[PDB]
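To keep things clear, I will list the structure first and then write my remarks on it.
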DNA sequence: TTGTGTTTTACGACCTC
DNA sequence: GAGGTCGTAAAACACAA
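Residue numbers (PDB author numbering): 153 to 215.
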């Protein structure tokens, strides 16, 4: 768990994550571990962010 | 500045596998 | 039991009023 109470991710951190997301919708356990390490976040955070991004996409698509 | 509507992290519940 | 969606909180944001 990750607590007090949410962090803002840097413009760079977001950029990499968007790029990776365009590379593939679902991140591999390997990739997850690369990305976390290069971006200065946790594996869990990277997991979660990818889950939120997919929900955002579903939400934009419904609209 | 603050009211407000939208986005962004992060969770817990339940589901699938 | 790892991850998944999905509904939700609250903090951060945009920015017109």
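C-beta atoms are modelled at their ideal positions from N, C-alpha and C, and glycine is treated no differently.
CA-CA distance, residue 185 to residue 193, rounds to 10 angstroms. Secondary structure of residue 163 (DSSP, three-state): helix.
Membership of residue 210 in the alpha helix (DSSP H) is indicated by the continuous run 195-214. The alpha-carbon of residue 182 is positioned some 14 angstroms away from that of residue 202. Per DSSP, the continuous alpha helix (DSSP H) segment holding residue 182 begins and ends at 181-191.
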